[PDB]
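Below is one structure, written out as structure tokens, with a few remarks after it.
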Amino acid sequence: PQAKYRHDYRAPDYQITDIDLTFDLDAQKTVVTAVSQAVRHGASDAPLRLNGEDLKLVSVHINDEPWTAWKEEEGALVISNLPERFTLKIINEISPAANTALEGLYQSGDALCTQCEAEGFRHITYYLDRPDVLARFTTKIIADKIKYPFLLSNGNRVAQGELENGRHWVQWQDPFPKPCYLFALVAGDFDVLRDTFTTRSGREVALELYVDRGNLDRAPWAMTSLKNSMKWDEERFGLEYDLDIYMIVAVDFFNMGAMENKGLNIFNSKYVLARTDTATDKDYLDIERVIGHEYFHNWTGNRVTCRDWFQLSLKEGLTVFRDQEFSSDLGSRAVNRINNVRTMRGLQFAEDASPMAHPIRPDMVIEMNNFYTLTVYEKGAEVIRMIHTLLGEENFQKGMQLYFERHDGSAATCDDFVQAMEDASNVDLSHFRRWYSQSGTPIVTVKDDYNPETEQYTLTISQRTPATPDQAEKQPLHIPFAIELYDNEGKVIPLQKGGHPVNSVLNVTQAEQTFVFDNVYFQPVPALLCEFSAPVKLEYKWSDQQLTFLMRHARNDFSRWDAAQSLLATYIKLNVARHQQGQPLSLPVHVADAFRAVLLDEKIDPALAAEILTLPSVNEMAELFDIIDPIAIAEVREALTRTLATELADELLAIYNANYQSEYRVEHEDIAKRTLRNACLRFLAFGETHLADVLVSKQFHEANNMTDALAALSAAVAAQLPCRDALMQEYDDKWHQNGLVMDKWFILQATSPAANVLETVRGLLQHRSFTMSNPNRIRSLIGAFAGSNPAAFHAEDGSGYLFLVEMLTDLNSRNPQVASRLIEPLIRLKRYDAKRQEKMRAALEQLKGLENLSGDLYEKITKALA
Ligand code: NA
Ligand code: NA
Ligand code: NA
Ligand code: NA
Ligand code: NA
Ligand code: NA
Ligand code: NA
Ligand code: NA
Ligand code: NA
Ligand code: NA
Ligand code: NA
Ligand code: NA
Ligand code: NA
Ligand code: NA
Ligand code: NA
Ligand SMILES: [Zn+2]
């Protein structure tokens, strides 16, 4: 399988302007008729090269003439000797029931549905399956009326009819030209939640949520969030919906989270279905996020699309930015920012230090489905946020306006977006563009000097990015470096120099530079990289007292949290080294006291307190180290939890009790209180056994919502409490018929600290609620084990790697996209000790030799074994 390269982009030899599709739908054999209106733009002698995968070609006509000048080749139909303008008619067959990869047209339970992004439409017919070919679609669907009473495609219904033998048909038209990755089709029997939204200018939009029969009780929150999304996009970005109907279909079998197909979004059920006894607060807020995200794509992705797939972050970074801004505006901005930073530093930084490292705009791709990444998405969004930091809101919105004015109705590039922002704002982004081309995480080193004779404070700031396996050359970036300086009372020191104010966003553009601030009348405590102003590692020699001071005084809630993270990092590192020497946890009394103070501070937002009291995950901990010791990390996380639980026992119980809420509401103040209460419960679970068991068991049994029930259950597992097995059985017996709810339980089993976790996980391959055919179940049991229990995955006997190999041997053939997600923990081998590397390498070599190795896995394995 051959790499493709961004620098090889060339405009297509042929365009398609209009396509009329007919589907004679059947699970075993679907017949597709595609009539495309084509226009030659290249040389007269160039053939039309269509993409196609696993299609049974029935016929090829050009202007209704059966065509002889064609040939099928690997992945392609190559059609020669064409006129400059013509009608192409292709008839082909496909088999949805055989489609275990869930790409193209496939079966989800009894429904038929599609996934076309990135390159799935070529599994449906022979086409120009590239996103700079935009065509007006019309779609006729013919099927059995009893099995498929709802026949859905993009746009509006233009025709309908009934046929002999129990078949019927519906034809759809979408006026907006689209790339084929935005085509969708759905056929099935659903319950439908129907509502309306009226846009600011008065356009009435029919809203329709399709869910499996019996799931209407779980639909209203996703509908609410849809309307919230539409209102917010009007208020914040001035964007309205552009069609007459907005359809969302929730399907149980889905690889990609959710999908923005124009007017017909298809969602994994996990990001639609919620009710208070099935879904947690985090599920609610994830529904909200993802509903918003797909909606936001209507403009940032659909009305302006991608010229080629190397521009994926043009839509994904921008739309993740939008979903964050939506969440943050409606909910707690500090909690959203904190959690997005946790993702960046724990999960994305790890990718940027891996063999799969790439810039947000990749240069080389073998399988484009491998590049729906933390980098393209989350780092993409940090890059858009840097633009927002550099420009400010008003100028950033001016750039959005210019981007749409220039590019509405077209496929554009990352560079086009940057140019719009630059031209609308007058801010120079020439240097800033390097963020699109350079991979790896920059390291920003800061040293300071206070000169009491001159009352000047000097920051000396250096940057470097280490080489990555994909790029040997690195250069300095344009790093927006936000600061704030605090005097000894906790008040902000005005930034100025030579009599003029200095912006608090420093432009760190060189390998090394100094910034001098005048009229600094007290030695400052600095808050550095405020609100994570650039996606960088920060190296500053903090004293503990500077950090506890920020925890008390910093103006932005994020900075209080970040200071606590910096304070904890020192002691996480200390204690991992101690663990490797067989020594127990050591923690200064003054560090425990800082967290006691957070517990007892009445003035702190409980949302913020909860996050300060949520320890970094094992993934976030790993990124503090060059060589990861996953057992030490897991054991130190536990020991730290236990030490704090002992030292803060009375305070934790008092705050736990103070935040009791008898009514359950999905409201942000209530969510905040519950997150704080359940943060205290995590530590309390690690108190004296008798107290902890009673407290946890009682919360599980008295809970009136799944947030509280799951928090108790998770604490029974994490602390190995006496009540654990009984509560886990109770949950299984109550919820085994509900896969989304059982996913939470598979995750707890997979992440259990119990010594026999792998045996349990293997046994759960036969569980009544588990199936290898469902990506959510795979993710929740197998994925959670490999990715979220690195201590067990990395068991010294190598048993974790052997288990993953067996699962991957199945999934390579069944569903390569899911396989490729799951291999990620194995490709991190160079971060581990030599003996682990040797076992991981042996595992990778075994997979390398699989018969019919997927391109998806090939790309990752070859990078890892290099
Ligand atoms: Na047409
Ligand atoms: Na072919
Ligand atoms: Na076109
Ligand atoms: Na899109
Ligand atoms: Na807010
Ligand atoms: Na491919
Ligand atoms: Na593929
Ligand atoms: Na410029
Ligand atoms: Na200093
Ligand atoms: Na200092
Ligand atoms: Na430091
Ligand atoms: Na990590
Ligand atoms: Na301990
Ligand atoms: Na099963
Ligand atoms: Na991991
Ligand atoms: Zn997206």
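FYI, nothing fancy with the structure tokens labels: chains A, B, ... in order, residues from 1 per chain, ligands from 1 as they appear.
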Would you name the residues within 10 Å of ligand 13, counting only C-alpha atoms and all ligand atoms, and put them as a short mmCIF file (atom, residue, chain, number, x, y, z; two decimals) with N, CA and C atoms, in the first residue's frame?
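The resulting pocket14.cif:
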```
data_model
loop_
_atom_site.label_atom_id
_atom_site.label_comp_id
_atom_site.auth_asym_id
_atom_site.auth_seq_id
_atom_site.Cartn_x
_atom_site.Cartn_y
_atom_site.Cartn_z
N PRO A 584 8.12 3.84 50.02
CA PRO A 584 6.72 4.25 50.04
C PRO A 584 6.58 5.70 49.76
N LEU A 585 5.34 6.13 49.58
CA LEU A 585 5.04 7.51 49.20
C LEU A 585 5.52 8.49 50.27
N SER A 586 6.09 9.58 49.81
CA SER A 586 6.56 10.70 50.60
C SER A 586 5.87 11.96 50.05
N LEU A 587 5.26 12.75 50.93
CA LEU A 587 4.53 13.99 50.48
C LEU A 587 4.69 15.00 51.58
N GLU A 635 0.53 2.44 40.76
CA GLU A 635 0.66 2.23 42.22
C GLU A 635 0.85 3.54 42.96
N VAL A 636 1.63 4.46 42.41
CA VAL A 636 1.77 5.80 43.01
C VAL A 636 0.44 6.59 42.96
N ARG A 637 -0.32 6.49 41.86
CA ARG A 637 -1.62 7.14 41.84
C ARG A 637 -2.52 6.67 42.94
N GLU A 638 -2.58 5.34 43.12
CA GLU A 638 -3.30 4.77 44.23
C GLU A 638 -2.82 5.20 45.61
N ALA A 639 -1.48 5.21 45.79
CA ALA A 639 -0.88 5.54 47.10
C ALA A 639 -1.14 7.01 47.43
N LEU A 640 -1.07 7.89 46.44
CA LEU A 640 -1.37 9.30 46.62
C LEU A 640 -2.82 9.50 47.00
N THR A 641 -3.69 8.70 46.38
CA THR A 641 -5.12 8.80 46.70
C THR A 641 -5.30 8.41 48.16
N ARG A 642 -4.67 7.31 48.55
CA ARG A 642 -4.77 6.84 49.92
C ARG A 642 -4.19 7.79 50.92
N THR A 643 -3.07 8.40 50.62
CA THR A 643 -2.44 9.39 51.55
C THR A 643 -3.32 10.60 51.76
N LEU A 644 -3.85 11.15 50.67
CA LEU A 644 -4.79 12.25 50.80
C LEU A 644 -6.09 11.86 51.50
N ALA A 645 -6.62 10.69 51.24
CA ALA A 645 -7.80 10.21 51.91
C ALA A 645 -7.59 10.16 53.47
N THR A 646 -6.43 9.68 53.86
CA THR A 646 -6.03 9.67 55.31
C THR A 646 -5.82 11.05 55.85
N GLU A 647 -5.04 11.89 55.22
CA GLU A 647 -4.74 13.16 55.76
C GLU A 647 -5.95 14.09 55.76
N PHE A 686 -11.07 5.14 49.66
CA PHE A 686 -9.75 4.68 50.13
C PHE A 686 -9.46 4.97 51.61
#
```
Counting only C-alpha atoms and all ligand atoms, which residues in chain A sit no more than 7 Å from ligand 11? For each one, give the nearest pair of atoms and the distance in Å, sorted by chain then residue number, as a Markdown table.
```
| residue | atom | partner | partner_atom_place_in_ligand_line | distance |
| --- | --- | --- | --- | --- |
| A:539 | CA | ligand 11 | 1 (Na) | 4.9 |
| A:540 | CA | ligand 11 | 1 (Na) | 4.4 |
| A:541 | CA | ligand 11 | 1 (Na) | 4.1 |
| A:542 | CA | ligand 11 | 1 (Na) | 5.5 |
```
- Message: 8 Å from ligand 14 is the threshold here; counting only C-alpha atoms and all ligand atoms, which polymer residues fall inside it? Answer as a PyMOL selection string.
- Response: chain A and resi 765-771
| query | If you count only C-alpha atoms, which residues fall within 12 Å of residue 604 in chain A, apart from same-chain ones fewer than 4 positions away, as a PyMOL selection string? | reply | chain A and resi 551-557+560-561+597-600+608-612+672-673+676
Can you tell me which residues sit at most 12 Å away from ligand 2, counting only C-alpha atoms and all ligand atoms, written as a PDB file with N, CA, C and O atoms, in the first residue's frame?
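Saved as part-v4.pdb:
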```
ATOM      1  N   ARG A  49     -10.635   8.528 -14.370  1.00  0.00           N
ATOM      2  CA  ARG A  49     -10.268   7.506 -13.429  1.00  0.00           C
ATOM      3  C   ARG A  49     -11.183   7.507 -12.237  1.00  0.00           C
ATOM      4  O   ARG A  49     -11.092   8.452 -11.428  1.00  0.00           O
ATOM      5  N   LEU A  50     -12.043   6.499 -12.104  1.00  0.00           N
ATOM      6  CA  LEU A  50     -12.995   6.460 -11.027  1.00  0.00           C
ATOM      7  C   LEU A  50     -12.467   5.540  -9.921  1.00  0.00           C
ATOM      8  O   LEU A  50     -11.932   4.457 -10.189  1.00  0.00           O
ATOM      9  N   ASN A  51     -12.660   5.901  -8.675  1.00  0.00           N
ATOM     10  CA  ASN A  51     -12.407   4.985  -7.582  1.00  0.00           C
ATOM     11  C   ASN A  51     -13.510   4.028  -7.336  1.00  0.00           C
ATOM     12  O   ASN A  51     -14.690   4.393  -7.382  1.00  0.00           O
ATOM     13  N   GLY A  52     -13.179   2.805  -6.937  1.00  0.00           N
ATOM     14  CA  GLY A  52     -14.198   1.832  -6.571  1.00  0.00           C
ATOM     15  C   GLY A  52     -13.571   0.699  -5.793  1.00  0.00           C
ATOM     16  O   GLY A  52     -12.432   0.298  -6.099  1.00  0.00           O
ATOM     17  N   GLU A  53     -14.273   0.249  -4.762  1.00  0.00           N
ATOM     18  CA  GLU A  53     -13.808  -0.855  -3.927  1.00  0.00           C
ATOM     19  C   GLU A  53     -14.929  -1.868  -3.719  1.00  0.00           C
ATOM     20  O   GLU A  53     -16.008  -1.511  -3.290  1.00  0.00           O
ATOM     21  N   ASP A  54     -14.627  -3.130  -4.045  1.00  0.00           N
ATOM     22  CA  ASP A  54     -15.526  -4.273  -3.828  1.00  0.00           C
ATOM     23  C   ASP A  54     -16.881  -4.049  -4.481  1.00  0.00           C
ATOM     24  O   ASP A  54     -17.906  -4.158  -3.818  1.00  0.00           O
ATOM     25  N   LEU A  55     -16.881  -3.646  -5.744  1.00  0.00           N
ATOM     26  CA  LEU A  55     -18.127  -3.382  -6.457  1.00  0.00           C
ATOM     27  C   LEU A  55     -18.231  -4.461  -7.533  1.00  0.00           C
ATOM     28  O   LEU A  55     -17.188  -4.854  -8.087  1.00  0.00           O
ATOM     29  N   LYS A  56     -19.428  -4.878  -7.843  1.00  0.00           N
ATOM     30  CA  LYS A  56     -19.657  -5.816  -8.990  1.00  0.00           C
ATOM     31  C   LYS A  56     -20.214  -4.993 -10.088  1.00  0.00           C
ATOM     32  O   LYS A  56     -21.372  -4.581 -10.042  1.00  0.00           O
ATOM     33  N   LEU A  57     -19.380  -4.725 -11.087  1.00  0.00           N
ATOM     34  CA  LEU A  57     -19.813  -3.837 -12.230  1.00  0.00           C
ATOM     35  C   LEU A  57     -20.769  -4.572 -13.115  1.00  0.00           C
ATOM     36  O   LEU A  57     -20.458  -5.717 -13.552  1.00  0.00           O
ATOM     37  N   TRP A  70     -13.031   0.914 -21.702  1.00  0.00           N
ATOM     38  CA  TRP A  70     -12.778   0.975 -20.264  1.00  0.00           C
ATOM     39  C   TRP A  70     -12.045  -0.245 -19.783  1.00  0.00           C
ATOM     40  O   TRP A  70     -12.082  -1.317 -20.468  1.00  0.00           O
ATOM     41  N   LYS A  71     -11.454  -0.145 -18.601  1.00  0.00           N
ATOM     42  CA  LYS A  71     -10.833  -1.265 -17.933  1.00  0.00           C
ATOM     43  C   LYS A  71     -10.937  -1.111 -16.426  1.00  0.00           C
ATOM     44  O   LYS A  71     -10.893   0.011 -15.949  1.00  0.00           O
ATOM     45  N   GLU A  72     -11.175  -2.204 -15.731  1.00  0.00           N
ATOM     46  CA  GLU A  72     -11.073  -2.233 -14.280  1.00  0.00           C
ATOM     47  C   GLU A  72      -9.632  -2.560 -13.887  1.00  0.00           C
ATOM     48  O   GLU A  72      -8.980  -3.324 -14.531  1.00  0.00           O
ATOM     49  N   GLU A  73      -9.118  -1.814 -12.939  1.00  0.00           N
ATOM     50  CA  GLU A  73      -7.798  -2.088 -12.315  1.00  0.00           C
ATOM     51  C   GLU A  73      -7.974  -2.017 -10.808  1.00  0.00           C
ATOM     52  O   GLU A  73      -9.065  -1.761 -10.309  1.00  0.00           O
ATOM     53  N   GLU A  74      -6.916  -2.287 -10.073  1.00  0.00           N
ATOM     54  CA  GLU A  74      -6.979  -2.348  -8.614  1.00  0.00           C
ATOM     55  C   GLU A  74      -7.572  -1.021  -8.097  1.00  0.00           C
ATOM     56  O   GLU A  74      -6.995   0.058  -8.297  1.00  0.00           O
ATOM     57  N   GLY A  75      -8.698  -1.101  -7.464  1.00  0.00           N
ATOM     58  CA  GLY A  75      -9.293   0.097  -6.804  1.00  0.00           C
ATOM     59  C   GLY A  75      -9.909   1.081  -7.813  1.00  0.00           C
ATOM     60  O   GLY A  75     -10.214   2.247  -7.453  1.00  0.00           O
ATOM     61  N   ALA A  76     -10.040   0.699  -9.108  1.00  0.00           N
ATOM     62  CA  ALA A  76     -10.370   1.733 -10.110  1.00  0.00           C
ATOM     63  C   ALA A  76     -11.149   1.235 -11.342  1.00  0.00           C
ATOM     64  O   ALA A  76     -11.029   0.045 -11.704  1.00  0.00           O
ATOM     65  N   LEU A  77     -11.867   2.122 -11.966  1.00  0.00           N
ATOM     66  CA  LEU A  77     -12.444   1.933 -13.308  1.00  0.00           C
ATOM     67  C   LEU A  77     -11.907   3.073 -14.126  1.00  0.00           C
ATOM     68  O   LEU A  77     -12.105   4.255 -13.769  1.00  0.00           O
ATOM     69  N   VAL A  78     -11.233   2.758 -15.230  1.00  0.00           N
ATOM     70  CA  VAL A  78     -10.514   3.726 -16.010  1.00  0.00           C
ATOM     71  C   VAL A  78     -11.210   3.794 -17.353  1.00  0.00           C
ATOM     72  O   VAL A  78     -11.287   2.804 -18.113  1.00  0.00           O
ATOM     73  N   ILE A  79     -11.748   4.938 -17.663  1.00  0.00           N
ATOM     74  CA  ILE A  79     -12.632   5.101 -18.832  1.00  0.00           C
ATOM     75  C   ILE A  79     -11.963   6.038 -19.805  1.00  0.00           C
ATOM     76  O   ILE A  79     -11.588   7.153 -19.489  1.00  0.00           O
ATOM     77  N   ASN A  92     -23.981  -1.086 -10.720  1.00  0.00           N
ATOM     78  CA  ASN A  92     -23.133  -2.015  -9.928  1.00  0.00           C
ATOM     79  C   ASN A  92     -23.841  -2.597  -8.770  1.00  0.00           C
ATOM     80  O   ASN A  92     -24.865  -2.030  -8.345  1.00  0.00           O
ATOM     81  N   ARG A 122     -16.785   5.260  -2.539  1.00  0.00           N
ATOM     82  CA  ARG A 122     -16.279   4.344  -3.529  1.00  0.00           C
ATOM     83  C   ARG A 122     -16.568   2.876  -3.234  1.00  0.00           C
ATOM     84  O   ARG A 122     -16.390   2.034  -4.142  1.00  0.00           O
ATOM     85  N   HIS A 123     -17.009   2.561  -2.015  1.00  0.00           N
ATOM     86  CA  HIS A 123     -17.558   1.239  -1.742  1.00  0.00           C
ATOM     87  C   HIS A 123     -19.039   1.101  -2.151  1.00  0.00           C
ATOM     88  O   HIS A 123     -19.651   0.028  -1.928  1.00  0.00           O
ATOM     89  N   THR A 125     -20.392   3.042  -5.266  1.00  0.00           N
ATOM     90  CA  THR A 125     -20.317   3.048  -6.724  1.00  0.00           C
ATOM     91  C   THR A 125     -18.936   3.593  -7.169  1.00  0.00           C
ATOM     92  O   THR A 125     -18.171   4.178  -6.370  1.00  0.00           O
ATOM     93  N   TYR A 126     -18.666   3.511  -8.471  1.00  0.00           N
ATOM     94  CA  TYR A 126     -17.432   4.005  -9.061  1.00  0.00           C
ATOM     95  C   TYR A 126     -17.587   5.546  -9.205  1.00  0.00           C
ATOM     96  O   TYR A 126     -18.537   6.036  -9.841  1.00  0.00           O
ATOM     97  N   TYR A 127     -16.711   6.296  -8.584  1.00  0.00           N
ATOM     98  CA  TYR A 127     -16.888   7.719  -8.500  1.00  0.00           C
ATOM     99  C   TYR A 127     -15.575   8.471  -8.344  1.00  0.00           C
ATOM    100  O   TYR A 127     -14.510   7.865  -8.066  1.00  0.00           O
TER     101      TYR A 127
END
```
Taking only C-alpha atoms and all ligand atoms and a cut-off of 12 Å, can you tell me which residues surround ligand 9, written as a VMD selection string? chain A and resid 446 to 451 457 to 461 523 to 526 540 to 543 546
Item to complete: With only C-alpha atoms and all ligand atoms counted, collect every polymer residue having an atom within 7 Å of ligand 1; state the result as a ChimeraX atom specification.
Response: /A:18-20,35-36,136-138
- Query: Can you list, as a count of residues only, every protein, DNA or RNA residue that comes within 12 Å of residue 277 in chain A when you count only C-alpha atoms, leaving out same-chain residues fewer than 4 positions away?
  - Reply: 22
Find the residues near ligand 3. Use a cut-off of 7 Å, count only C-alpha atoms and all ligand atoms, and write them as a PyMOL selection string.
chain A and resi 15-17+133-135
As a quick test: using only C-alpha atoms and all ligand atoms, which residues lie no more than 6 Å away from ligand 15? Give them as a PDB file with N, CA, C and O atoms, in the first residue's frame.
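Below you can see result-v2.pdb, which holds the result:
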```
ATOM      1  N   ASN A 619      -2.575   8.287  32.188  1.00  0.00           N
ATOM      2  CA  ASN A 619      -2.126   8.895  30.938  1.00  0.00           C
ATOM      3  C   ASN A 619      -1.525  10.243  31.003  1.00  0.00           C
ATOM      4  O   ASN A 619      -0.416  10.488  30.445  1.00  0.00           O
ATOM      5  N   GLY A 787      -5.601   0.615  26.590  1.00  0.00           N
ATOM      6  CA  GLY A 787      -5.370   2.058  26.597  1.00  0.00           C
ATOM      7  C   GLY A 787      -5.530   2.733  27.918  1.00  0.00           C
ATOM      8  O   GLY A 787      -4.834   3.704  28.220  1.00  0.00           O
ATOM      9  N   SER A 788      -6.426   2.221  28.728  1.00  0.00           N
ATOM     10  CA  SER A 788      -6.708   2.772  30.013  1.00  0.00           C
ATOM     11  C   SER A 788      -6.301   1.929  31.204  1.00  0.00           C
ATOM     12  O   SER A 788      -6.442   2.397  32.335  1.00  0.00           O
ATOM     13  N   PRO A 790      -2.860   0.710  31.603  1.00  0.00           N
ATOM     14  CA  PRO A 790      -1.503   0.410  31.090  1.00  0.00           C
ATOM     15  C   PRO A 790      -0.700  -0.448  32.091  1.00  0.00           C
ATOM     16  O   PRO A 790       0.122  -1.280  31.659  1.00  0.00           O
ATOM     17  N   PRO A 825      -1.817   1.495  21.595  1.00  0.00           N
ATOM     18  CA  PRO A 825      -0.946   1.280  22.800  1.00  0.00           C
ATOM     19  C   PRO A 825       0.348   0.483  22.527  1.00  0.00           C
ATOM     20  O   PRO A 825       1.326   0.654  23.227  1.00  0.00           O
TER      21      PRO A 825
END
```
Residues contacting ligand 8 - anything with an atom at most 12 Å away, using only C-alpha atoms and all ligand atoms - can you give me those as number ranges by chain?
A: 415, 418-433
Please identify all protein, DNA and RNA residues within 6 Å of ligand 12, counting only C-alpha atoms and all ligand atoms, and report them as number ranges by chain. A: 346-347, 350, 619-620, 622-623
Go ahead and dump the residues you just picked, N, CA and C atoms, as a PDB file, in the first residue's frame.
```pdb
ATOM      1  N   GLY A 346      -2.157  14.900  28.253  1.00  0.00           N
ATOM      2  CA  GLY A 346      -2.048  13.484  28.428  1.00  0.00           C
ATOM      3  C   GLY A 346      -2.053  12.636  27.175  1.00  0.00           C
ATOM      4  N   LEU A 347      -3.002  12.909  26.319  1.00  0.00           N
ATOM      5  CA  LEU A 347      -3.265  12.008  25.161  1.00  0.00           C
ATOM      6  C   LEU A 347      -2.621  12.542  23.907  1.00  0.00           C
ATOM      7  N   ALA A 350       1.292  12.561  23.849  1.00  0.00           N
ATOM      8  CA  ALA A 350       1.791  11.186  23.682  1.00  0.00           C
ATOM      9  C   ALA A 350       1.817  10.799  22.186  1.00  0.00           C
ATOM     10  N   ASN A 619      -2.575   8.287  32.188  1.00  0.00           N
ATOM     11  CA  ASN A 619      -2.126   8.895  30.938  1.00  0.00           C
ATOM     12  C   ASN A 619      -1.525  10.243  31.003  1.00  0.00           C
ATOM     13  N   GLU A 620      -2.086  11.149  31.804  1.00  0.00           N
ATOM     14  CA  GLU A 620      -1.453  12.384  32.070  1.00  0.00           C
ATOM     15  C   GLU A 620      -0.137  12.217  32.860  1.00  0.00           C
ATOM     16  N   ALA A 622       1.915   9.639  32.763  1.00  0.00           N
ATOM     17  CA  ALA A 622       2.942   9.078  31.872  1.00  0.00           C
ATOM     18  C   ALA A 622       3.703  10.194  31.126  1.00  0.00           C
ATOM     19  N   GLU A 623       3.024  11.262  30.749  1.00  0.00           N
ATOM     20  CA  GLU A 623       3.710  12.243  29.908  1.00  0.00           C
ATOM     21  C   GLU A 623       4.731  13.112  30.709  1.00  0.00           C
TER      22      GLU A 623
END
```
